[PDB]
Every structure is written in C-alpha cells, then in structure tokens.
file my_file39.cif (mmCIF, N, CA and C atoms and all ligand atoms)
data_data
loop_
_atom_site.group_PDB
_atom_site.id
_atom_site.type_symbol
_atom_site.label_atom_id
_atom_site.label_comp_id
_atom_site.auth_asym_id
_atom_site.auth_seq_id
_atom_site.Cartn_x
_atom_site.Cartn_y
_atom_site.Cartn_z
ATOM 1 N N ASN A 199 12.926 -19.775 -9.256
ATOM 2 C CA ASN A 199 12.209 -19.592 -10.510
ATOM 3 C C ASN A 199 10.888 -18.855 -10.282
ATOM 4 N N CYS A 200 10.075 -18.752 -11.330
ATOM 5 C CA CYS A 200 8.787 -18.070 -11.265
ATOM 6 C C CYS A 200 7.678 -19.057 -11.591
ATOM 7 N N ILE A 201 6.735 -19.207 -10.665
ATOM 8 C CA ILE A 201 5.525 -19.993 -10.868
ATOM 9 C C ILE A 201 4.347 -19.032 -10.780
ATOM 10 N N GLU A 202 3.507 -19.015 -11.816
ATOM 11 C CA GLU A 202 2.435 -18.029 -11.873
ATOM 12 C C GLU A 202 1.445 -18.233 -10.726
ATOM 13 N N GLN A 203 1.013 -17.116 -10.129
ATOM 14 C CA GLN A 203 0.052 -17.110 -9.023
ATOM 15 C C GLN A 203 -0.891 -15.931 -9.216
ATOM 16 N N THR A 204 -2.173 -16.212 -9.466
ATOM 17 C CA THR A 204 -3.200 -15.176 -9.558
ATOM 18 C C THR A 204 -4.480 -15.692 -8.912
ATOM 19 N N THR A 205 -5.024 -14.937 -7.959
ATOM 20 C CA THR A 205 -6.280 -15.326 -7.328
ATOM 21 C C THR A 205 -7.473 -14.804 -8.121
ATOM 22 N N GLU A 206 -8.633 -15.405 -7.858
ATOM 23 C CA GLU A 206 -9.892 -14.861 -8.347
ATOM 24 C C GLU A 206 -10.167 -13.506 -7.709
ATOM 25 N N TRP A 207 -10.822 -12.627 -8.468
ATOM 26 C CA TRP A 207 -11.303 -11.377 -7.887
ATOM 27 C C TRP A 207 -12.284 -11.665 -6.758
ATOM 28 N N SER A 208 -12.068 -11.017 -5.616
ATOM 29 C CA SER A 208 -12.904 -11.256 -4.451
ATOM 30 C C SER A 208 -14.316 -10.705 -4.657
ATOM 31 N N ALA A 209 -15.233 -11.196 -3.828
ATOM 32 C CA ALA A 209 -16.527 -10.551 -3.682
ATOM 33 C C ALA A 209 -16.340 -9.108 -3.222
ATOM 34 N N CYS A 210 -17.377 -8.297 -3.432
ATOM 35 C CA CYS A 210 -17.320 -6.905 -3.015
ATOM 36 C C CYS A 210 -17.186 -6.814 -1.501
ATOM 37 N N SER A 211 -16.299 -5.923 -1.050
ATOM 38 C CA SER A 211 -16.006 -5.821 0.378
ATOM 39 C C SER A 211 -17.172 -5.254 1.179
ATOM 40 N N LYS A 212 -18.129 -4.602 0.521
ATOM 41 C CA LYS A 212 -19.257 -3.984 1.203
ATOM 42 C C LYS A 212 -20.564 -4.509 0.628
ATOM 43 N N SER A 213 -21.546 -4.716 1.507
ATOM 44 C CA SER A 213 -22.844 -5.234 1.092
ATOM 45 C C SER A 213 -23.736 -4.170 0.463
ATOM 46 N N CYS A 214 -23.456 -2.888 0.700
ATOM 47 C CA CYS A 214 -24.124 -1.815 -0.026
ATOM 48 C C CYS A 214 -23.150 -0.663 -0.211
ATOM 49 N N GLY A 215 -23.428 0.168 -1.214
ATOM 50 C CA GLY A 215 -22.532 1.264 -1.515
ATOM 51 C C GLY A 215 -21.267 0.789 -2.214
ATOM 52 N N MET A 216 -20.331 1.723 -2.357
ATOM 53 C CA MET A 216 -19.086 1.445 -3.062
ATOM 54 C C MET A 216 -18.125 0.701 -2.142
ATOM 55 N N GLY A 217 -17.693 -0.479 -2.576
ATOM 56 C CA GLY A 217 -16.663 -1.226 -1.881
ATOM 57 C C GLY A 217 -15.555 -1.535 -2.862
ATOM 58 N N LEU A 218 -14.694 -2.506 -2.538
ATOM 59 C CA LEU A 218 -13.622 -2.934 -3.424
ATOM 60 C C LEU A 218 -13.679 -4.437 -3.641
ATOM 61 N N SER A 219 -13.292 -4.845 -4.845
ATOM 62 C CA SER A 219 -12.973 -6.224 -5.169
ATOM 63 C C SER A 219 -11.463 -6.315 -5.348
ATOM 64 N N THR A 220 -10.849 -7.348 -4.764
ATOM 65 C CA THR A 220 -9.395 -7.433 -4.662
ATOM 66 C C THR A 220 -8.897 -8.791 -5.143
ATOM 67 N N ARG A 221 -7.768 -8.795 -5.853
ATOM 68 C CA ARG A 221 -7.047 -10.030 -6.135
ATOM 69 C C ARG A 221 -5.555 -9.761 -5.980
ATOM 70 N N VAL A 222 -4.760 -10.828 -5.994
ATOM 71 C CA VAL A 222 -3.308 -10.691 -6.027
ATOM 72 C C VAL A 222 -2.766 -11.469 -7.219
ATOM 73 N N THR A 223 -1.607 -11.031 -7.717
ATOM 74 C CA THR A 223 -1.004 -11.639 -8.899
ATOM 75 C C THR A 223 0.499 -11.387 -8.891
ATOM 76 N N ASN A 224 1.258 -12.320 -9.479
ATOM 77 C CA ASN A 224 2.674 -12.086 -9.757
ATOM 78 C C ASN A 224 2.968 -11.977 -11.252
ATOM 79 N N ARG A 225 1.965 -11.635 -12.064
ATOM 80 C CA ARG A 225 2.125 -11.496 -13.517
ATOM 81 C C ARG A 225 2.781 -10.150 -13.839
ATOM 82 N N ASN A 226 4.079 -10.087 -13.571
ATOM 83 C CA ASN A 226 4.883 -8.905 -13.848
ATOM 84 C C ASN A 226 6.324 -9.358 -14.038
ATOM 85 N N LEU A 227 7.161 -8.457 -14.569
ATOM 86 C CA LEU A 227 8.500 -8.870 -14.998
ATOM 87 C C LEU A 227 9.358 -9.364 -13.840
ATOM 88 N N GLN A 228 9.147 -8.842 -12.633
ATOM 89 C CA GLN A 228 9.909 -9.300 -11.481
ATOM 90 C C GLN A 228 9.289 -10.514 -10.801
ATOM 91 N N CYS A 229 8.136 -10.977 -11.279
ATOM 92 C CA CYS A 229 7.420 -12.117 -10.705
ATOM 93 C C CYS A 229 7.259 -11.965 -9.191
ATOM 94 N N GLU A 230 6.756 -10.805 -8.779
ATOM 95 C CA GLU A 230 6.499 -10.512 -7.376
ATOM 96 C C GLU A 230 5.005 -10.325 -7.151
ATOM 97 N N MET A 231 4.513 -10.796 -6.006
ATOM 98 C CA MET A 231 3.099 -10.634 -5.699
ATOM 99 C C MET A 231 2.756 -9.160 -5.532
ATOM 100 N N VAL A 232 1.719 -8.716 -6.243
ATOM 101 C CA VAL A 232 1.152 -7.385 -6.059
ATOM 102 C C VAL A 232 -0.360 -7.518 -5.929
ATOM 103 N N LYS A 233 -0.975 -6.490 -5.348
ATOM 104 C CA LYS A 233 -2.421 -6.416 -5.168
ATOM 105 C C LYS A 233 -3.047 -5.580 -6.284
ATOM 106 N N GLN A 234 -4.238 -5.991 -6.736
ATOM 107 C CA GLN A 234 -5.090 -5.179 -7.599
ATOM 108 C C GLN A 234 -6.448 -4.998 -6.942
ATOM 109 N N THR A 235 -7.030 -3.797 -7.090
ATOM 110 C CA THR A 235 -8.337 -3.487 -6.519
ATOM 111 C C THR A 235 -9.192 -2.738 -7.535
ATOM 112 N N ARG A 236 -10.501 -3.012 -7.507
ATOM 113 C CA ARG A 236 -11.470 -2.324 -8.352
ATOM 114 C C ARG A 236 -12.711 -1.993 -7.542
ATOM 115 N N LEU A 237 -13.267 -0.807 -7.782
ATOM 116 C CA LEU A 237 -14.527 -0.425 -7.152
ATOM 117 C C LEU A 237 -15.642 -1.376 -7.568
ATOM 118 N N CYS A 238 -16.601 -1.568 -6.664
ATOM 119 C CA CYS A 238 -17.745 -2.437 -6.897
ATOM 120 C C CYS A 238 -18.916 -1.930 -6.065
ATOM 121 N N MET A 239 -20.128 -2.277 -6.499
ATOM 122 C CA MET A 239 -21.326 -1.973 -5.720
ATOM 123 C C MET A 239 -22.328 -3.101 -5.907
ATOM 124 N N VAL A 240 -22.694 -3.764 -4.808
ATOM 125 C CA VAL A 240 -23.719 -4.807 -4.868
ATOM 126 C C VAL A 240 -25.091 -4.179 -5.071
ATOM 127 N N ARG A 241 -25.384 -3.144 -4.291
ATOM 128 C CA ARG A 241 -26.595 -2.342 -4.381
ATOM 129 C C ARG A 241 -26.324 -1.025 -3.668
ATOM 130 N N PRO A 242 -27.102 0.019 -3.940
ATOM 131 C CA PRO A 242 -26.946 1.252 -3.164
ATOM 132 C C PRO A 242 -27.412 1.039 -1.733
ATOM 133 N N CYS A 243 -26.770 1.736 -0.806
ATOM 134 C CA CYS A 243 -27.318 1.784 0.542
ATOM 135 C C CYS A 243 -28.604 2.596 0.527
ATOM 136 N N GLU A 244 -29.601 2.136 1.273
ATOM 137 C CA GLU A 244 -30.842 2.894 1.358
ATOM 138 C C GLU A 244 -30.605 4.141 2.201
ATOM 139 N N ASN B 199 -26.057 18.904 -2.368
ATOM 140 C CA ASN B 199 -25.240 19.706 -3.267
ATOM 141 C C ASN B 199 -24.003 18.928 -3.688
ATOM 142 N N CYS B 200 -23.899 18.641 -4.982
ATOM 143 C CA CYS B 200 -22.807 17.836 -5.517
ATOM 144 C C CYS B 200 -22.190 18.547 -6.711
ATOM 145 N N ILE B 201 -20.892 18.835 -6.630
ATOM 146 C CA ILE B 201 -20.123 19.340 -7.761
ATOM 147 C C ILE B 201 -19.140 18.250 -8.158
ATOM 148 N N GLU B 202 -19.265 17.745 -9.386
ATOM 149 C CA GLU B 202 -18.385 16.663 -9.824
ATOM 150 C C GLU B 202 -16.922 17.082 -9.757
ATOM 151 N N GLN B 203 -16.090 16.164 -9.279
ATOM 152 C CA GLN B 203 -14.658 16.413 -9.157
ATOM 153 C C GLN B 203 -13.930 15.095 -9.347
ATOM 154 N N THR B 204 -13.093 15.022 -10.382
ATOM 155 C CA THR B 204 -12.232 13.870 -10.639
ATOM 156 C C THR B 204 -10.850 14.391 -11.001
ATOM 157 N N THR B 205 -9.847 14.010 -10.219
ATOM 158 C CA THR B 205 -8.510 14.515 -10.474
ATOM 159 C C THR B 205 -7.833 13.701 -11.572
ATOM 160 N N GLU B 206 -6.724 14.241 -12.073
ATOM 161 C CA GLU B 206 -5.905 13.530 -13.041
ATOM 162 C C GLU B 206 -5.201 12.351 -12.386
ATOM 163 N N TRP B 207 -5.032 11.282 -13.161
ATOM 164 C CA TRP B 207 -4.236 10.148 -12.710
ATOM 165 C C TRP B 207 -2.816 10.600 -12.400
ATOM 166 N N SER B 208 -2.299 10.169 -11.252
ATOM 167 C CA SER B 208 -0.986 10.620 -10.821
ATOM 168 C C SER B 208 0.113 9.937 -11.623
ATOM 169 N N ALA B 209 1.310 10.515 -11.547
ATOM 170 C CA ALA B 209 2.492 9.814 -12.018
ATOM 171 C C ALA B 209 2.674 8.518 -11.237
ATOM 172 N N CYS B 210 3.375 7.572 -11.857
ATOM 173 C CA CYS B 210 3.606 6.281 -11.228
ATOM 174 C C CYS B 210 4.438 6.443 -9.958
ATOM 175 N N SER B 211 4.056 5.712 -8.907
ATOM 176 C CA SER B 211 4.728 5.840 -7.616
ATOM 177 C C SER B 211 6.146 5.286 -7.619
ATOM 178 N N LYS B 212 6.520 4.502 -8.627
ATOM 179 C CA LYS B 212 7.851 3.919 -8.695
ATOM 180 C C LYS B 212 8.467 4.225 -10.050
ATOM 181 N N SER B 213 9.793 4.424 -10.056
ATOM 182 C CA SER B 213 10.488 4.786 -11.285
ATOM 183 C C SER B 213 10.856 3.579 -12.142
ATOM 184 N N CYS B 214 10.819 2.368 -11.585
ATOM 185 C CA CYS B 214 10.923 1.156 -12.388
ATOM 186 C C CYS B 214 10.039 0.087 -11.765
ATOM 187 N N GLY B 215 9.648 -0.890 -12.582
ATOM 188 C CA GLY B 215 8.809 -1.960 -12.083
ATOM 189 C C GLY B 215 7.384 -1.496 -11.811
ATOM 190 N N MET B 216 6.638 -2.365 -11.130
ATOM 191 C CA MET B 216 5.228 -2.109 -10.862
ATOM 192 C C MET B 216 5.084 -1.091 -9.736
ATOM 193 N N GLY B 217 4.420 0.021 -10.032
ATOM 194 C CA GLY B 217 4.060 0.996 -9.024
ATOM 195 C C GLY B 217 2.565 1.232 -9.085
ATOM 196 N N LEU B 218 2.090 2.336 -8.501
ATOM 197 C CA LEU B 218 0.676 2.687 -8.491
ATOM 198 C C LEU B 218 0.467 4.098 -9.019
ATOM 199 N N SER B 219 -0.625 4.278 -9.758
ATOM 200 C CA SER B 219 -1.118 5.584 -10.159
ATOM 201 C C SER B 219 -2.490 5.758 -9.530
ATOM 202 N N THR B 220 -2.759 6.945 -8.987
ATOM 203 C CA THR B 220 -3.982 7.173 -8.220
ATOM 204 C C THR B 220 -4.711 8.431 -8.677
ATOM 205 N N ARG B 221 -6.020 8.442 -8.439
ATOM 206 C CA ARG B 221 -6.821 9.651 -8.564
ATOM 207 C C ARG B 221 -7.959 9.566 -7.560
ATOM 208 N N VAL B 222 -8.662 10.682 -7.385
ATOM 209 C CA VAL B 222 -9.849 10.713 -6.540
ATOM 210 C C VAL B 222 -11.027 11.216 -7.363
ATOM 211 N N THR B 223 -12.216 10.712 -7.032
ATOM 212 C CA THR B 223 -13.436 11.042 -7.760
ATOM 213 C C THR B 223 -14.617 10.972 -6.805
ATOM 214 N N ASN B 224 -15.634 11.793 -7.074
ATOM 215 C CA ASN B 224 -16.906 11.673 -6.372
ATOM 216 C C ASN B 224 -18.028 11.188 -7.293
ATOM 217 N N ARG B 225 -17.688 10.522 -8.406
ATOM 218 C CA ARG B 225 -18.697 9.988 -9.332
ATOM 219 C C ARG B 225 -19.308 8.715 -8.742
ATOM 220 N N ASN B 226 -20.153 8.915 -7.733
ATOM 221 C CA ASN B 226 -20.841 7.819 -7.058
ATOM 222 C C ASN B 226 -22.092 8.379 -6.391
ATOM 223 N N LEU B 227 -22.992 7.477 -5.988
ATOM 224 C CA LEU B 227 -24.332 7.910 -5.599
ATOM 225 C C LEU B 227 -24.323 8.799 -4.363
ATOM 226 N N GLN B 228 -23.349 8.618 -3.472
ATOM 227 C CA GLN B 228 -23.227 9.459 -2.286
ATOM 228 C C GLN B 228 -22.486 10.764 -2.546
ATOM 229 N N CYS B 229 -21.931 10.947 -3.744
ATOM 230 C CA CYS B 229 -21.100 12.107 -4.073
ATOM 231 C C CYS B 229 -19.993 12.285 -3.037
ATOM 232 N N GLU B 230 -19.298 11.191 -2.740
ATOM 233 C CA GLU B 230 -18.194 11.209 -1.793
ATOM 234 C C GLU B 230 -16.884 10.952 -2.516
ATOM 235 N N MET B 231 -15.844 11.671 -2.104
ATOM 236 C CA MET B 231 -14.525 11.467 -2.685
ATOM 237 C C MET B 231 -14.020 10.074 -2.338
ATOM 238 N N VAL B 232 -13.690 9.294 -3.365
ATOM 239 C CA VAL B 232 -13.089 7.981 -3.181
ATOM 240 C C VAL B 232 -11.844 7.885 -4.050
ATOM 241 N N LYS B 233 -10.861 7.132 -3.572
ATOM 242 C CA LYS B 233 -9.625 6.929 -4.310
ATOM 243 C C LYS B 233 -9.764 5.755 -5.275
ATOM 244 N N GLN B 234 -9.194 5.910 -6.465
ATOM 245 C CA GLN B 234 -8.993 4.817 -7.410
ATOM 246 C C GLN B 234 -7.499 4.630 -7.635
ATOM 247 N N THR B 235 -7.065 3.378 -7.772
ATOM 248 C CA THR B 235 -5.656 3.060 -7.960
ATOM 249 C C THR B 235 -5.493 2.077 -9.113
ATOM 250 N N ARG B 236 -4.383 2.208 -9.837
ATOM 251 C CA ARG B 236 -4.053 1.315 -10.944
ATOM 252 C C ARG B 236 -2.567 0.992 -10.931
ATOM 253 N N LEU B 237 -2.232 -0.269 -11.212
ATOM 254 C CA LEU B 237 -0.838 -0.629 -11.451
ATOM 255 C C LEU B 237 -0.285 0.139 -12.647
ATOM 256 N N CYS B 238 1.008 0.468 -12.582
ATOM 257 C CA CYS B 238 1.694 1.160 -13.665
ATOM 258 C C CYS B 238 3.135 0.678 -13.711
ATOM 259 N N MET B 239 3.766 0.832 -14.879
ATOM 260 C CA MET B 239 5.190 0.544 -15.028
ATOM 261 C C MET B 239 5.789 1.559 -15.992
ATOM 262 N N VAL B 240 6.674 2.416 -15.479
ATOM 263 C CA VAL B 240 7.366 3.370 -16.342
ATOM 264 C C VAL B 240 8.367 2.645 -17.224
ATOM 265 N N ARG B 241 9.128 1.732 -16.627
ATOM 266 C CA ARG B 241 10.190 0.981 -17.273
ATOM 267 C C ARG B 241 10.512 -0.214 -16.389
ATOM 268 N N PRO B 242 11.093 -1.273 -16.944
ATOM 269 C CA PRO B 242 11.529 -2.396 -16.102
ATOM 270 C C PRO B 242 12.699 -2.024 -15.198
ATOM 271 N N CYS B 243 12.802 -2.728 -14.069
ATOM 272 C CA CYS B 243 13.961 -2.602 -13.195
ATOM 273 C C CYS B 243 15.085 -3.526 -13.639
ATOM 274 N N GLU B 244 16.269 -3.259 -13.090
ATOM 275 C CA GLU B 244 17.454 -4.094 -13.246
ATOM 276 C C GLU B 244 17.424 -5.288 -12.296
HETATM 277 CL CL CL C 301 3.710 -21.437 -13.890
HETATM 278 CL CL CL C 302 -11.697 -13.878 -11.386
HETATM 279 CL CL CL C 303 -11.519 1.299 -9.493
HETATM 280 CL CL CL C 304 -6.072 11.752 -16.249
HETATM 281 CL CL CL C 305 -4.610 -2.423 -11.274
HETATM 282 CL CL CL C 306 10.621 -4.773 -13.630
HETATM 283 NA NA NA C 307 -1.014 -20.807 -13.422
HETATM 284 NA NA NA C 308 -4.967 -18.760 -10.729
HETATM 285 NA NA NA C 309 -7.154 -0.215 -7.601
#

call {"tool": "encode", "arguments": {"input": "my_file39.cif", "output": "structure tokens"}}
result
Amino acid sequence: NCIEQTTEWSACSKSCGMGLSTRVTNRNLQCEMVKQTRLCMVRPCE
Amino acid sequence: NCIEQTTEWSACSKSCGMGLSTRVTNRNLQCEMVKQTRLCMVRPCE
C-alpha cells in the first residue's frame, strides 16, 4: 500500500551564498520517494 | 562584467510519471550560472 512520507525542508546547505534546501516526498501517483530542491541564501558571502 | 542569462525550462526528463525540468540562470549576487530543477509530470504511467 501507500503511506504518505514527506520530510521538512532542510536548512540551507551553505552558510553563505546560494545553497539548496532539500526534502523528500512520495506525494505522487506512483507513491515513490522523490527529491525536491530549492535555492536558498542565509547571507551573501563577503 | 555580468550579462543576465536565464535559459528556458527544459522538457520533462520522463515521458510519464514524475520527471525533472531544468534551467540555468546567473540571477544571483556572484553572477554565476546555477541550475534550477522542478518536478514535472507529462502524464501518469501505467
Ligand atoms: Cl498515510
Ligand atoms: Cl517544511
Ligand atoms: Cl530553485
Ligand atoms: Cl521558460
Ligand atoms: Cl520541485
Ligand atoms: Cl504516474
Ligand atoms: Na502523513
Ligand atoms: Na511529514
Ligand atoms: Na530543484
């Protein structure tokens, strides 16, 4: 069967500049785990 | 010297189910080309 699984969006992968925030989810018709990523920036690098 | 460049979102990497669509952009403080990715679904699979 299918049991829903979605993680929280991660902290930004980099402490300065552009990094990624990542989660995983099976919220799709095949109920398979996939990754999602979004750009993030905590602060600019000096 | 920075010339803005953002490509078109690509066709979905898979013909059914969850695939990925990608583009590249330098819209960031370093003016560096970075990839962006998004889940896509053309149609459900069998
Ligand atoms: Cl569930
Ligand atoms: Cl979250
Ligand atoms: Cl993004
Ligand atoms: Cl586009
Ligand atoms: Cl996505
Ligand atoms: Cl599907
Ligand atoms: Na749940
Ligand atoms: Na959850
Ligand atoms: Na992404």

call {"tool": "closest_residue", "arguments": {"input": "my_file39.cif", "among": "B:200, B:227, B:205, B:240", "to": "chain A", "atoms": "all atoms listed in the file"}}
result
B:227

call {"tool": "interface_residues", "arguments": {"input": "my_file39.cif", "of": "chain A", "to": "chain B", "cutoff": "8 Å", "atoms": "all atoms listed in the file", "output": "ChimeraX atom specification"}}
result
/A:215-216,226-228,233-237,242

call {"tool": "resolve_selection", "arguments": {"input": "my_file39.cif", "expression": "the PyMOL selection byres (((not hetatm)) within 7 of (chain C and resi 301))", "output": "PyMOL selection string"}}
result
chain A and resi 200-203

call {"tool": "select_by_dssp", "arguments": {"input": "my_file39.cif", "residues": "region 205-244 of chain A", "states": "strand (DSSP E)", "output": "mmCIF file with N, CA and C atoms, keeping the file's coordinate frame"}}
result
data_model
loop_
_atom_site.group_PDB
_atom_site.id
_atom_site.type_symbol
_atom_site.label_atom_id
_atom_site.label_comp_id
_atom_site.auth_asym_id
_atom_site.auth_seq_id
_atom_site.Cartn_x
_atom_site.Cartn_y
_atom_site.Cartn_z
ATOM 1 N N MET A 216 -20.331 1.723 -2.357
ATOM 2 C CA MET A 216 -19.086 1.445 -3.062
ATOM 3 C C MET A 216 -18.125 0.701 -2.142
ATOM 4 N N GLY A 217 -17.693 -0.479 -2.576
ATOM 5 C CA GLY A 217 -16.663 -1.226 -1.881
ATOM 6 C C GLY A 217 -15.555 -1.535 -2.862
ATOM 7 N N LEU A 218 -14.694 -2.506 -2.538
ATOM 8 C CA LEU A 218 -13.622 -2.934 -3.424
ATOM 9 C C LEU A 218 -13.679 -4.437 -3.641
ATOM 10 N N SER A 219 -13.292 -4.845 -4.845
ATOM 11 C CA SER A 219 -12.973 -6.224 -5.169
ATOM 12 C C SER A 219 -11.463 -6.315 -5.348
ATOM 13 N N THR A 220 -10.849 -7.348 -4.764
ATOM 14 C CA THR A 220 -9.395 -7.433 -4.662
ATOM 15 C C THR A 220 -8.897 -8.791 -5.143
ATOM 16 N N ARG A 221 -7.768 -8.795 -5.853
ATOM 17 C CA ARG A 221 -7.047 -10.030 -6.135
ATOM 18 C C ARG A 221 -5.555 -9.761 -5.980
ATOM 19 N N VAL A 222 -4.760 -10.828 -5.994
ATOM 20 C CA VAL A 222 -3.308 -10.691 -6.027
ATOM 21 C C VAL A 222 -2.766 -11.469 -7.219
ATOM 22 N N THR A 223 -1.607 -11.031 -7.717
ATOM 23 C CA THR A 223 -1.004 -11.639 -8.899
ATOM 24 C C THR A 223 0.499 -11.387 -8.891
ATOM 25 N N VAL A 232 1.719 -8.716 -6.243
ATOM 26 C CA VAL A 232 1.152 -7.385 -6.059
ATOM 27 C C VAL A 232 -0.360 -7.518 -5.929
ATOM 28 N N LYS A 233 -0.975 -6.490 -5.348
ATOM 29 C CA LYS A 233 -2.421 -6.416 -5.168
ATOM 30 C C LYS A 233 -3.047 -5.580 -6.284
ATOM 31 N N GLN A 234 -4.238 -5.991 -6.736
ATOM 32 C CA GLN A 234 -5.090 -5.179 -7.599
ATOM 33 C C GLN A 234 -6.448 -4.998 -6.942
ATOM 34 N N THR A 235 -7.030 -3.797 -7.090
ATOM 35 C CA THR A 235 -8.337 -3.487 -6.519
ATOM 36 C C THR A 235 -9.192 -2.738 -7.535
ATOM 37 N N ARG A 236 -10.501 -3.012 -7.507
ATOM 38 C CA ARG A 236 -11.470 -2.324 -8.352
ATOM 39 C C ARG A 236 -12.711 -1.993 -7.542
ATOM 40 N N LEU A 237 -13.267 -0.807 -7.782
ATOM 41 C CA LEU A 237 -14.527 -0.425 -7.152
ATOM 42 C C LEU A 237 -15.642 -1.376 -7.568
ATOM 43 N N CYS A 238 -16.601 -1.568 -6.664
ATOM 44 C CA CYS A 238 -17.745 -2.437 -6.897
ATOM 45 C C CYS A 238 -18.916 -1.930 -6.065
ATOM 46 N N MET A 239 -20.128 -2.277 -6.499
ATOM 47 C CA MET A 239 -21.326 -1.973 -5.720
ATOM 48 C C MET A 239 -22.328 -3.101 -5.907
#

call {"tool": "residues_near_ligand", "arguments": {"input": "my_file39.cif", "ligand": "ligand CL 304 (chain C)", "cutoff": "7 Å", "atoms": "all atoms listed in the file", "output": "list in words"}}
result
residues 205, 206, 207 and 208 of chain B

call {"tool": "atom_distance", "arguments": {"input": "my_file39.cif", "atom1": "atom C of residue 224 (chain A)", "atom2": "atom C of residue 199 (chain A)"}}
result
10.5 Å

call {"tool": "atom_distance", "arguments": {"input": "my_file39.cif", "atom1": "atom CL of ligand CL 305 (chain C)", "atom2": "CA of residue 209 (chain A)"}}
result
16.3 Å

call {"tool": "atom_distance", "arguments": {"input": "my_file39.cif", "atom1": "CA of residue 222 (chain A)", "atom2": "CA of residue 204 (chain A)"}}
result
5.7 Å

call {"tool": "closest_residue", "arguments": {"input": "my_file39.cif", "among": "A:241, A:213, A:219, A:229", "to": "ligand NA 309 (chain C)", "atoms": "only N, CA and C atoms and all ligand atoms"}}
result
A:219

call {"tool": "decode", "arguments": {"input": "my_file39.cif", "residues": "region 232-243 of chain B", "atoms": "N, CA, C and O atoms", "output": "mmCIF file, in the first residue's frame"}}
result
data_model
loop_
_atom_site.group_PDB
_atom_site.id
_atom_site.type_symbol
_atom_site.label_atom_id
_atom_site.label_comp_id
_atom_site.auth_asym_id
_atom_site.auth_seq_id
_atom_site.Cartn_x
_atom_site.Cartn_y
_atom_site.Cartn_z
ATOM 1 N N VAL B 232 23.907 28.881 -12.266
ATOM 2 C CA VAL B 232 23.463 27.823 -11.371
ATOM 3 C C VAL B 232 22.251 27.138 -11.985
ATOM 4 O O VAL B 232 21.449 27.761 -12.689
ATOM 5 N N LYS B 233 22.119 25.845 -11.716
ATOM 6 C CA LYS B 233 20.993 25.072 -12.214
ATOM 7 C C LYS B 233 19.810 25.170 -11.255
ATOM 8 O O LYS B 233 19.983 25.183 -10.033
ATOM 9 N N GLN B 234 18.612 25.272 -11.820
ATOM 10 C CA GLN B 234 17.360 25.112 -11.087
ATOM 11 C C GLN B 234 16.612 23.910 -11.648
ATOM 12 O O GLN B 234 16.621 23.682 -12.861
ATOM 13 N N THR B 235 15.955 23.151 -10.772
ATOM 14 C CA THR B 235 15.227 21.954 -11.175
ATOM 15 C C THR B 235 13.838 21.956 -10.548
ATOM 16 O O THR B 235 13.641 22.444 -9.432
ATOM 17 N N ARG B 236 12.870 21.404 -11.279
ATOM 18 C CA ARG B 236 11.495 21.281 -10.803
ATOM 19 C C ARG B 236 10.919 19.933 -11.208
ATOM 20 O O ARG B 236 11.140 19.472 -12.332
ATOM 21 N N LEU B 237 10.164 19.314 -10.299
ATOM 22 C CA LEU B 237 9.381 18.137 -10.664
ATOM 23 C C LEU B 237 8.375 18.481 -11.758
ATOM 24 O O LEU B 237 7.834 19.587 -11.804
ATOM 25 N N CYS B 238 8.114 17.510 -12.637
ATOM 26 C CA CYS B 238 7.142 17.669 -13.710
ATOM 27 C C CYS B 238 6.478 16.325 -13.963
ATOM 28 O O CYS B 238 7.032 15.274 -13.637
ATOM 29 N N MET B 239 5.279 16.366 -14.552
ATOM 30 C CA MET B 239 4.589 15.153 -14.982
ATOM 31 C C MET B 239 3.853 15.450 -16.281
ATOM 32 O O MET B 239 2.911 16.248 -16.294
ATOM 33 N N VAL B 240 4.290 14.816 -17.371
ATOM 34 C CA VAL B 240 3.593 14.971 -18.645
ATOM 35 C C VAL B 240 2.253 14.260 -18.598
ATOM 36 O O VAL B 240 1.226 14.801 -19.029
ATOM 37 N N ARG B 241 2.249 13.040 -18.069
ATOM 38 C CA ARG B 241 1.090 12.168 -17.995
ATOM 39 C C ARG B 241 1.398 11.081 -16.976
ATOM 40 O O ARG B 241 2.568 10.804 -16.706
ATOM 41 N N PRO B 242 0.380 10.451 -16.396
ATOM 42 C CA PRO B 242 0.636 9.315 -15.500
ATOM 43 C C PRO B 242 1.176 8.098 -16.244
ATOM 44 O O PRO B 242 0.920 7.904 -17.436
ATOM 45 N N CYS B 243 1.927 7.266 -15.520
ATOM 46 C CA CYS B 243 2.367 5.981 -16.048
ATOM 47 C C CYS B 243 1.314 4.907 -15.823
ATOM 48 O O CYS B 243 0.397 5.054 -15.013
#
